[PDB]
Amino acid sequence: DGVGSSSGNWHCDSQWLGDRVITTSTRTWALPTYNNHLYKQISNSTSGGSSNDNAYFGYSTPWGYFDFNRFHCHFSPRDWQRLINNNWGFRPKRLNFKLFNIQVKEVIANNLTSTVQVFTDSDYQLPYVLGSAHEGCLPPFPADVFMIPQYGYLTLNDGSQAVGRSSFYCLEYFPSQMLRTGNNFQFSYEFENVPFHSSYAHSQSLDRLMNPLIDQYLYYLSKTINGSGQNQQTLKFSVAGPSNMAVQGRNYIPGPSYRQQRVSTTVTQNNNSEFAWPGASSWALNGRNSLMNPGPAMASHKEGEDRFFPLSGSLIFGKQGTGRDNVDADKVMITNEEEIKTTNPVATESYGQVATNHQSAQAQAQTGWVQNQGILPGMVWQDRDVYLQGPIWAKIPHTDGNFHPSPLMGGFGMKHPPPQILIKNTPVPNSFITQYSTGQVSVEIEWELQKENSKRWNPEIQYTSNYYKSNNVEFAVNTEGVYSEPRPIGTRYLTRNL
Amino acid sequence: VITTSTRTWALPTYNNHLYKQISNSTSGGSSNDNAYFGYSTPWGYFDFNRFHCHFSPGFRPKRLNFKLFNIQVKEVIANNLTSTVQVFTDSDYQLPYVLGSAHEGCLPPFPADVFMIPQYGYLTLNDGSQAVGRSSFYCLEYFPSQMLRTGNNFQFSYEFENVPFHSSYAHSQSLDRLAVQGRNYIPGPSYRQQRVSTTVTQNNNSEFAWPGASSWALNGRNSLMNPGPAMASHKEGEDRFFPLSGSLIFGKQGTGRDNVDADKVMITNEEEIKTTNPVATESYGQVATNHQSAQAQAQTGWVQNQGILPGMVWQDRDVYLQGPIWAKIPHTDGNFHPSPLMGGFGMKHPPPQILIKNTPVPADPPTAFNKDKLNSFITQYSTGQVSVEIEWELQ
Amino acid sequence: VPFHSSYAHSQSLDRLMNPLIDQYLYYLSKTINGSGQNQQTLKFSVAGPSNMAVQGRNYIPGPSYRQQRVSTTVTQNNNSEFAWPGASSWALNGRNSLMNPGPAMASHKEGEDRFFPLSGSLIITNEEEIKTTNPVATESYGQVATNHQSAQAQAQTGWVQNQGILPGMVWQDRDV
Amino acid sequence: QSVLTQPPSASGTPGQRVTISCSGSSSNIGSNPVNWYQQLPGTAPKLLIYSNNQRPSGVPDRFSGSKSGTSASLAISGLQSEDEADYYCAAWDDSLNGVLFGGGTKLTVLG
Amino acid sequence: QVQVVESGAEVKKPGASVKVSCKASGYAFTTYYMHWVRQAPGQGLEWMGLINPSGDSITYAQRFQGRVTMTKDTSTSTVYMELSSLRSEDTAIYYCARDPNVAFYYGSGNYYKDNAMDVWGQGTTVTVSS
C-alpha cells in the first residue's frame, strides 16, 4: 500500500474449540545476503573430505528459507500441557502463512526501493531439506528475533566429484513475488490426510491380553522325557492356563527390532574403550555407512533400568547454551521410549530365539538369538513419540514403494508436506551494495483433536510442573533474559487398553 | 449361511459379589515370565467365539443377533421372583477384550448340554507381582447395564465389519512349479521351529521343551512363539514331525489338564499350505556371507528367520471346527497383515463382549445403623436361555 | 496399477539433508577420555555438515537378501565350481529353488562396474540406478549389536546378511 | 518440613533377616531414587544400594533394597558380625534442592 | 586404581576460614560429580554442596549458602571446599565423594539425577576450638 502504513499485525495465541485447536505464532526475522548473491558448488573437498562415509557434493544458494517444523514453534508449554493431558490424538489440518512489515537496510539506513523475493515450491521440484531436523526454526519464545537459515542442497556424489546424473538447481528459474516495504505475502496450505499421532500409553502389554481366570483349550508340550536315565523320551501335554502364561497361544506378536548397543549413564559400568562409532548399529548405502539413528521405534530400556539407553536409538536434545562438540552428559537431554515397551521390543535386547537345527536321537536342540527381525504377519507396534522440541512432519520420499511411511524421528509422514518457503534479498549493484532485510512472520495451524472416552476408574498420570521452590521458573526467562526449556516433554500420559 | 444356536446356562455368584486384586503372588509368585497383575470381577461373560458353537458336524461372517431370555433366579433351592440379573455389552470396546485368547467356556457344540458361564477377569501393567502408576482399574458397575427380572429379555444385533474371505481351498500348484528358473514371487516369511517326532525313539533323550523352544521377548519376559507365523507343519512324506510350538493342539473329550499322552490330544497339521509357505522346521533358504575372490571361496549361511520381502505370498492358518472365529486387532499405530495367528478373522471392532452378573441381594441387616458395606448376602444363582444367530456369506 | 518409474534419483537416501546447517540433535561422540585405566566418559556432539554419517534420518534403505558377487574378470574369481554351491536360494517343501532375480537391489557399488550378483540380475543388465534408495546386492545390509557391553566385555557387532521390511523403508523396484 | 527418619538402632543374630527402614517426604523419597550407605566405625561410608534396588559391583547379594510410596527399606539377610555398622538412607530432596541423609541406624549383632 | 586423597587435619579458631583440598587420580577428573559431606564426631552425615563435572554449576545446602565456596582445578585434579566464619558446631570430618551418575533421566513425572557416590575420600578432621 504505502511506506507509512503497516502491512500486517501481530497475531500470537491459541484457540481451543471443541475437537480442534488453532495455533497462531508471530516472530521477527532478519535476512542477510548469503554467498555474496552467488550460487557456489560445495563438496567435502572444500572442507578436505576426510572420510568416504562423509563424502558429499552439492550447492549453496543465496536464498534463505523459513522453518516452522518444530512443535515449540506453534505451542506454548502451557498449551502443550493442555494438549497432552486431555487428548488421545492430534494431527495437523490447515496451514496459514503470512509475511509482512518488510524493512530493507543498507550499511544503517532505510532503502525504500529495494525488494525482497519470496516464493514457495508447491509442486515439490526442489530438494526438500525441511525433514532433516536442522536448526533454524522459529524461536520457541515469541520475544526472540531469529536469523533465517541459508538454503543449500546435495546431489549425487562420487567422492567429492559429481556424476553425469547429478542435478543443479537455479532458484532464480522460479517465478516469485517481489516485495517492497509496503507489500505483504501469504498463502494457505491444506495438510494431506495423516493418521492421528498416538498421544497415549497402553495400560496392557501384548503378552498379558488374556483372561487371567480361565484356561485355554489349547495344549503345549510339557515334557520331552520321563526322568533321569536312558531312553526316557516321552510326549506329555499340559494345557495352557493362568499359572503358566508364557506358553499360551497368542494371536499377535511384538513388532520389528534392530538391536542397539546399550550405554550406561553411570559411566563406570561402561567398557573402557572407544565403541561409539565401532560398536554402532548402522546401514550401508552404495558403500557409505550411515549410523542407524534413531532407527526403528523400540523401548529404550527394560522396566527398572533407567540408566541404560540405546546408543543411537534415542533422540537427544541440548540444554540452553550447550556447546557444539563433546559436551558433558549433564548438558544434554536424553529422551526415552519407555511407554512403548508394552508392544515394542527393547532396543538393546534380542527379539527372541529360533531353532537352529533338527534335533534327533543323536543331536541336542539348538537355538540362536534373533538380533534383527523384520516385519512378520501378526506384528503390532507403536511409532516413536513426538516431543515439544521435536519435528512435526517429514516428506515421504518419492519411490516405487515404502512400508509404514511414518518418519523415524517422529511425526507425520507426508507425500506432499508443507512446501518450502524461499526468500532472498534482491541484489542492488560483482560489486553490490551491502544490504539486509527484516520483518515479521505469522504462521497459523489448525489441529484436530481426539478426546478420550476412557472408563478407567483410578486417576491417570498427567504432566505437571514441580510444586517446590526454585531460583528460576521452568520454561521462563532468567535474570539475564535467556529463555530456556528445562526438559523434553513427550506426548504420552493418558492410557488406552491394548 | 445363517446359523442359530440356543443353549441353557447357569450363572453363579463369583467372588462373593466382589472385585479382587490378583497377581502371581496371590497364586504363589511363580517366575518372571509368568508374572502378572490384574483383577477378578464378580461379572460373567458369554463366549461363542468357537465354530462348533454355530455349526454342527470361502466364507466369512456378516451379521450377528443375540438374545438372552427365560431368566430364572434361584436362591439356595427356591425361586426368587423379585431378583434382577444385570447385563450389558461393551460396544465402545472400553473394557479389556479377553475373547481373543482362546479360553475355555464356549457354548458347547452339542445343543442339549447346559454350561456354566465363565468369570470375567483381566490383566494390566506389572513390574512383578506389583503394579505401576500406569496400571488401570475398571469397575464394570460404572457401565450402564439393563436389569432383568424373570419376565424380561435382552437382545441386540451386531454387524461384522468388512473382512476378507477365509480361504478354504487347497492349491493344486506350488510356488516353484508355476529349479534355477526366474520366478516373479517367493514364499512367505519364516521363523523356525524345532522339529519333534511323534515316534519317541527318534527324539533326543533330554528335556528341551522350554529350553529348545522358539520365543519372543517383551520387557524382559519371554513368551513362547505359539502357534507363530503360519507355515507348513512338515515336509511331504514325513507325517510324524510337527513343530514344537508351531501348531494348534486340541484335547480329546475327557482329556486331563496336566501331562497327558499324545493319544489324548489332536495335533493339527498345516500341510495343505506347503505350496506357498515354507516348512516350519526347515530354514527359509541360504544367503552368501562373504565376497569370493582368488583367495576366498564362496560362503553361505542358513536363514533361520526371514521377514517380509517384496514379492512374497503366503496362506494364512486354516480354521477348524473347534477353532476360534474372530479376534480383536490391538489398537496400535501400526500392524501388518492383522489376521490373527491362531486362525480366524481379525477385526478392529469384533463382536462386543457381553457382561452379566447377578444383582446381590443382602441378608437381614442389623437394626442399628453401621457404616460398613454389607458383607452378608443371600446365596443366589440364575439360569436362562441364550440364542445367537450369525449370517455367513460364502464364497 | 501404479505407473512404472522410468526416472532415476538425483539424490541418495543418506544425503537428503541441508549441507549448510547443523541439526538440533546430539549423538554419542566419545566414550573414553583416553590413554589410561578407568578413562570412561559420555561426550556428545552436534551432528552436522562435517560428520554426515551420524545424523538422524527419517527413512532407511529397503530390504536385502545377499547375492554372491561375481566378477566379469575371470581371474578375480575363486578357482572352484560355485554356480550352484554358492548360490542364494529359498526352500519350498524340501525343494531348493535359486533366488532369481530376487529382491530388487543395486548391482554393484559406484565405480566398480565389473561385478554382478550371481543370480541377482536378468541375463547382463545392471540395476545401478536404484543404488540411491536400495542396498547393494552383494553387500551386507549393515551391522547390529550382538551383546551387552560392560566394564568386562567389549561391544560386539555382526553383519546383517538378510533384512526384511522395516517401518520407514523406501525402495525402488526392478527396471523393465 | 521434609525429613528423612530412621529408627536409631536395630538388632539381630547371625543368619536372621534384618530390615532397616526410613520415612521420607513426598518431595524426597516419593519422587527421587533412594540410595543406601553402610559405614563401619572409623571408616568412610560405602555405597550399598543405589537407584532404589540396584546393587553396585563388589556388593554382596544378601543386601536388598526396596521403595514403597514415601518409605524406603533396606533388607539384610544371612547376617554376620562384619555387617554391623551404621546405616544411612539418602535421597535427593526437591524442596531442599540438595541431598538429604537419614539420621542413621546403628545395627547391633548379638553374641 | 581410583583414589581420592583427602587433605590434612587442621585446627582453627572461630571466625577463621578453612579450605580442604581433595586430590583425585586414576580416572577422568572432568567426567564425575563431586560431593562434600561432613560428619560431626558423634552425629550422622550431613550433605554440604555439589560441583558438576564441568565445574561451572555448583549447588549448596541451604544451611551453608554464603559461608561455603567450592572450586575445581582441572590442572592438578583437585577439588576444594571453602568454609568460613567457623563455629564450634563446624568441627567434623569432611568427606569428598565421587558421583558416577552423569545424566538426568526424563521419565513421566519429575526428572531426576541419581546422586549415589561410590568413591569416598579418607576424610579430614577439622576442629574449631580456642
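Calculation rules
Residues numbered from 1 in each chain as written, not as in the entry; some residues may be left out. Chains lettered and ligands numbered in written order. Part of a larger assembly, values for the part shown. Heavy atoms only, no water. UniProt positions renumbered as here; feature names shortened; annotations may be inferred. Helix = DSSP H or I, 4+ residues; strand = E, 2+ residues; numbered from the N terminus. Buried < 20%, exposed > 50% of the residue type's maximum accessible area, 1.4 Å probe, protein only. Areas by Shrake-Rupley, 256 points an atom, 1.4 Å probe, with all protein chains shown as cover. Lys, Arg positive; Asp, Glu negative; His and termini not counted. Charge placed at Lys NZ, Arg CZ, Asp CG, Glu CD. Pairing = 2+ DSSP bridges. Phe/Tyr/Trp six-rings, centres within 6.5 Å; stacked < 30°, edge-to-face > 60°. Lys NZ or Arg CZ within 6 Å of the ring centre and 35° of its normal. Disulfide = S-S within 2.5 Å. Contact = heavy atoms within 4.5 Å. Buried area = accessible area lost by both parts, 1.4 Å probe. Polar contact = N/O pair within 3.5 Å; in protein donor to acceptor, adjacent residues only side chain to side chain. Nonpolar A, V, L, I, M, F, W, Y, C, P; charged D, E, K, R; others polar. Axes fitted to C-alpha atoms, helices over the stretch in contact; angles between N-to-C directions. 1 Å grid on protein atoms, 1.4 Å probe; cavity = no way out; pocket = protein on both sides within 12 Å on 5 of 7 lines; lining within 4 Å. Points joined across faces, edges and corners; volume = space filled by probe spheres on them. Salt bridge = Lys/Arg side-chain N within 4 Å of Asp/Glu carboxyl O. Core = buried A, V, L, I, M, F, W, Y, C linked by side-chain atoms within 4.5 Å.

What the deposited record gives as its method is cryo-EM, and the resolution it gives is 2.77 Å.

In the nomenclature of the PDB entry, chain C corresponds to Capsid protein VP1 from the organism Adeno-associated virus. As recorded in the PDB, the entry bears the title "Fab1-4 in complex with the capsid of Adeno-associated virus type 9".

The PDB entry lists chain B under the name Capsid protein VP1, from Adeno-associated virus. Quoted verbatim from the Subcellular location (unreviewed entry) heading of the UniProt record, the comment on chain B is "Virion".

Peer 1: What am I meant to see in the overall build of chain B here?
Peer 2: Counting its secondary structure elements, chain B contains 1 helix and 27 strands. Based on the C-alpha atoms only, the size of chain B along its principal axes is roughly 100 × 45 × 45 Å. With 395 residues in all, chain B has 55% of them scored as buried. In the structure as shown, chain B presents an accessible area of about 16900 Å², 49% of it carried by carbon and sulfur atoms. Between the centroid of the 27 positive side chains of chain B and the centroid of its 31 negative side chains there is a distance of 2 Å.

Peer 1: What's the story with the pairing of strand β15 (residues 233–239) of chain A in this structure? I'm lost.
Peer 2: On any regular strand, side chains alternate: one points to one face of the sheet, the next to the other face. Residues and elements named next belong to chain A. Counting buried residues in β15 gives 7 out of 7 residues, a clear majority hidden from the surface. Where burial is concerned, the two faces of β15 agree: the one with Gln233, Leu235, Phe237 and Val239 and the one with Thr234, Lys236 and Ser238 are both buried. Relative to β15, strand β14 (residues 219–225) runs antiparallel, the two sharing 5 bridges. Considered in β15, the bridge of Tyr219 is made with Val239.

Peer 1: In this structure, what is going on with the packing of aromatic side chains? I would like to understand it.
Peer 2: Any pair of aromatic rings gets described here by the distance separating the centres and the angle formed by the planes. The tally for this structure, following the rule as stated, stands at 69 aromatic pairs over all chains. Note on A:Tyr65 and A:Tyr151: the rings are 6.1 Å apart at their centroids and 85 degrees apart in plane angle, and the pair reads as edge-to-face. Taken individually, A:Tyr65 and A:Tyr151 each receive the classification buried, so the pair is uniform in this respect. Here D:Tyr37 and E:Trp120 contribute two aromatic rings whose centre-to-centre distance is 5.6 Å and whose plane-to-plane angle is 75 degrees, an arrangement assigned as edge-to-face. Taken as a pair, D:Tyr37 in strand β4 (residues 34–39) and E:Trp120 in strand β10 (residues 119–120) lie in two separate chains rather than in one. Judged by relative accessible area, D:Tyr37 falls into the buried class, the value being 0%. Since its relative accessible area comes to 11%, E:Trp120 is described here as buried. An aromatic cluster is defined as three or more aromatic residues linked by ring pairs; in this entry it consists of A:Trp29, A:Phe66, A:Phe68, A:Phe97, A:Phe185, A:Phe187, A:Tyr189, A:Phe191 and A:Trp393. Geometry around A:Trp88 places A:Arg496 over its ring, the cationic atom sitting 4.4 Å from the centre.

Peer 1: So what exactly am I meant to see when it comes to the state of the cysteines here?
Peer 2: When the sulfur atoms of two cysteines share a covalent bond, that bond is a disulfide. All names here are of chain D. In the structure shown here, the tally under the stated rule is 2 disulfides over all chains. Covalently, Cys22 is tied to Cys89 through a disulfide, its sulfur atoms 2.0 Å apart. Looking along the S-S bond of the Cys22-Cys89 disulfide, the torsion reads about 115 degrees, which is the right-handed sense. One end of the pair, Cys22, is in strand β3 (residues 18–24); the other, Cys89, is in strand β8 (residues 86–93), and 67 residues separate them in sequence.

Peer 1: Honestly, the interface of chain E and chain C in this entry has me stumped. Any pointers?
Peer 2: In many analyses, interface size is given as the accessible surface area lost on bringing the parts together. Tallying the contact residues gives 8 residues for chain E and 8 residues for chain C. Between chain E and chain C lies a buried interface of about 510 Å² when both sides are counted; carbon and sulfur atoms form 40% of it. Connecting chain E to chain C are 2 residue pairs in polar contact. Here the side of chain E that touches chain C is composed, by residue class, of 5 nonpolar, 3 polar and no charged.

Peer 1: Help me understand the sheet that holds strand β14 (residues 215–218) of chain B in this model?
Peer 2: Pairing between sheet strands relies on hydrogen bonds along the backbone, with the strands arranged either parallel or antiparallel. Overall, antiparallel pairing links the 4 strands, which are arranged β25(A)-β24(A)-β14(B)-β15(B) in an open sheet. The open sheet terminates on both sides in strands that have one partner only, identified here as β25 (367–370) of chain A together with β15 (221–224) of chain B. Strand-to-strand, the axes of this sheet are offset by a mean angle of 25 degrees, without reference to chain direction. One ladder, built from 4 bridges, connects strand β24 (residues 352–355) of chain A with β25(A); its direction is antiparallel. The residue bridging A:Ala355 from the neighbouring strand is A:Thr367, located in β25(A).

Peer 1: Help me understand the sheet that holds strand β3 (residues 60–61) of chain C in this model?
Peer 2: Overall, mixed pairing links the 3 strands, which are arranged β29(A)-β12(C)-β3(C) in an open sheet. Sheet topology places β29 (401–403) of chain A together with β3 of chain C at the edges, where each strand pairs with a single neighbour. With 3 bridges connecting them, β29(A) and strand β12 (residues 169–171) of chain C associate as antiparallel partners. From the neighbouring strand, A:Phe403 faces β12(C), where its bridge partner is C:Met169.

Peer 1: Please clarify how helix α3 (residues 77–86) of chain A should be interpreted in this entry.
Peer 2: One turn of the α-helix equals 3.6 residues, which is why residues spaced by three or four share an orientation. For α3(A), the set of buried residues is A:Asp79, A:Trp80, A:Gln81, A:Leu83, A:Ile84 and A:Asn85. In this fold, the buried residues of α3(A) make contact with β1 (13–17), α2 (71–74), β5 (87–106) and β32 (435–451) of chain A.

Peer 1: I keep staring at empty space enclosed by the protein and nothing clicks. Help me out?
Peer 2: A water-sized probe, rolled over the atoms, reveals where empty space remains. Here the largest cavity defines a volume of roughly 290 Å³. As for the largest cavity, its lining consists of 25 residues, and the residues nearest its centre are A:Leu209, B:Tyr97, B:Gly100, B:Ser101 and B:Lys328. The residue inventory of the lining of the largest cavity, partitioned by class, reads 13 nonpolar, 8 polar and 4 charged.

Peer 1: I'm lost on the interface of chain A and chain B in this one. Help?
Peer 2: Each partner contributes to the interface: chain A provides 105 residues, whereas chain B provides 122 residues. Carbon and sulfur atoms make up 54% of the surface buried where chain A meets chain B, a total of about 9900 Å² over both sides. Looking at the side of chain A facing chain B, the largest losses of area belong to A:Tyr217, A:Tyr219 and A:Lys455, adding up to 9% of the total buried there. Across the contact surface, chain A and chain B share 5 salt bridges. Put simply, A:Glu338 and B:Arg134 hold a salt bridge, and the shortest N to O gap is 3.2 Å. At the junction of chain A and chain B, the tally comes to 76 residue pairs in polar contact. With 7 residues, the single largest contributor to the side of chain A that touches chain B is β15(A). Its residues assigned to classes, the side of chain A that touches chain B comprises 43 nonpolar, 46 polar and 16 charged. Note that strand β27 (residues 379–381) of chain A and strand β24 (residues 334–335) of chain B share 2 bridges and pair antiparallel. Following the sheet pairing, A:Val380 is matched in β24(B) by B:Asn335.

Peer 1: Sorry if this is basic, but what is going on with the nonpolar core here?
Peer 2: Looking at soluble globular proteins, one finds that nonpolar side chains tend to be buried together. Core analysis: the largest hydrophobic core is formed by 68 residues, its most contacted members being C:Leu42, C:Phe44, D:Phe101 and E:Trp36. Excluding residues that lie within four positions of it along the chain, D:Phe101 makes contacts with D:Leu4, D:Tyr37, D:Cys89, D:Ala90, E:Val37, E:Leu45, E:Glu46, E:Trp47 and E:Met117. Membership of the second largest hydrophobic core comes to 63 residues, among which are A:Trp80, A:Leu138, A:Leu171 and A:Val386.

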